[PDB]
Every structure is written in structure tokens, then in C-alpha cells.
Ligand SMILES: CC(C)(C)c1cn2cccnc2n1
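First comes one chain, alone, set out as C-alpha cells in the form solved without the ligand.
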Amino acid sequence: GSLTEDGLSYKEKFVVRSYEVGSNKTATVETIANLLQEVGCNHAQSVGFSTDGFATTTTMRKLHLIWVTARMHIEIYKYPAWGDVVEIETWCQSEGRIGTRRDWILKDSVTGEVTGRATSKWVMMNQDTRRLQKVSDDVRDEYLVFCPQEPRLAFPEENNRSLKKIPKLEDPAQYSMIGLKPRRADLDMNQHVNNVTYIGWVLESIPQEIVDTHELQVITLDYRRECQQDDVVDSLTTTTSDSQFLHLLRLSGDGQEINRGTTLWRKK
């Protein structure tokens, strides 16, 4: 892993592991998402951000602020096979006072061909009160020294999938997976549920026949509220159509929304 020549992006290579692949002998979308998180953490560490689970700046630590994901959007053209080397390039950009964006490009190391891309929106939050905040001018200055000044987007197209509004699934759902609970392997070093665990929970309500005959092309996921270590989740899915689905994760009891999303699947 290393910062590129100009120091405004980071690259890292990964050899796809035996336990990281699904029935097709290629990396799962959850393996891909963990690799994106890993290269994001290595980029933050390389530019001097805190190494205590929260990649905060000096001003964020002074005001007890943390970055939290609001949206994850991933598009895969080719999933790497077991033993293949995938190269991932990541960079960050400020989006005024709204928040920040982290983008990724995935490539086949042998051919140099782009096999996937991802983008994520992050918002400022006070870690004590859990109240969302706008980005201050001081933290905007700290981010600017490590981000490209001219816009660089993994998804540049005007009016693209990564920016589409997601509706709320209405009961009854076509499919559901009930009583999903996180175990210790689903938590991060700060004992919060890993962002990738939610992708797995969304996918749990897709019928096995869809997973067996189709490959996942796009996933867009909104994060609304965190699932606590002792919470229980229900994963709901309805076909909206290629095959397209609308998704909802909500707490098992009162039905409080935690995530909403969409997936696009191509026939194998």
C-alpha cells in the first residue's frame, strides 16, 4: 500500500483468499466492501489521521466529532477469482459543508482493466450526542491538503445511479429474513457493527435462486441509524423490475428503519 506520486490518492494490491469467495469461486461483494474499507483506513493512516479506530483530524478530536457513513454505492463489472490480485485506488474529496466523499477504482492487476468502482458519502457527527453537524471551516482546510482540488469522481456522469433517491419499501414485502443479530466478528475495534455487516443483512432476503442464476452488478445503500450490539434486525426485499430489488432493514421489534437500498442483478 502506498500514496501515489502526487500524494492525493492511495493504491493497494490484495490477493483474493479462499474463504473470501462465494459459490462462483470469485470474491463476494462483502469481501470487496471489506477491501474498500481496508484501503480507506490505510489511506487515512498514511496522511496522518488517528490510529484508534476513528480516522479523525486534530480539530475533530478537539470537538469530539467523528465521520459516519450516510451512503455506500458499489458497481462491479467482474468479481476477482480466488488467487487473483486486485489493485484498488482510493481518494477523498470535500463537498462543502455537507460532508466528505471517498471514492474507489478497482482494477485487474494483470490486465490493468477497471473491474469495479465505488463512492461513499460521509457526514460529521458528535460522538457523544449522536447529532449530525455541518463541516466546519477548520476541518475543511485540514482535508484540502490531502484531497485533489479539481473534481475527481468515480461516477462522473450527470444524473447517475449513485445519486438516486431511494423510496421506503411498503408492507407486505415480497421476501424477508427475520431475526438477524450481529456476533463479535461483526463488530469493529470500537464495538460498533461494521458497515459491511449491513450489506450482508440486506442481501440475506434475496432468494437463493436469484443468487444462483444472477450476479450482483450494483448496490446502493443508505445508512439511517446504527444497529446496536444487542439489537435484532429484519431484512425485507421486493422486486421492482436484469432484475432489480428494493430493500429495507428495520429493528425486529418496533420497526425502526436502520437502512434502505436497491440492488441490480445481471443474468449469468
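Only residues modelled in both forms are compared. What we label the rigid core is the largest C-alpha set whose atoms superpose within 1.5 Å from one form to the other. Counting begins at 1, following the sequence as shown.
Although not depicted, the form deposited with the ligand bound is the subject of the following passage.
request  = Please run the contact check for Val47 against the ligand in the deposited complex: heavy atoms, 4.5 angstroms, yes or no?
outcome  = So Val47 counts as contacting the ligand.
ask   = Quick one: is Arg117 in contact with the ligand in the deposited complex, heavy atoms, 4.5 Å cut-off?
value = Flag for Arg117 set to no.
query = Taking the shortest heavy atom distance, is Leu63 within 4.5 Å of the ligand in the deposited complex?
reply = So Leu63 does not count as contacting the ligand.
ask   = Any chance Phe155 has a heavy atom within 4.5 Å of the ligand in the deposited complex?
value = No, no contact at 4.5 Å.
key: Stretch 109 to 130: residues contacting the ligand in the deposited complex, 4.5 Å heavy atom cut-off   = The stretch touches the partner through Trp122 alone.
message = So that I can tell if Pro207 moves, could you say whether its C-alpha shifts by at least 2 Å between the shown form and the other one after the core superposition?
response = Comparing the forms between the shown form and the other one, which are aligned on their rigid core, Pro207 does not shift its C-alpha by 2 Å or more.
request  = Would you please work out which stretches of at least three consecutive shared residues show Cα displacements of 2 Å or more throughout between the shown form and the other one, after fitting on the rigid core?
outcome  = The run that moves is 53 to 55, and no other.
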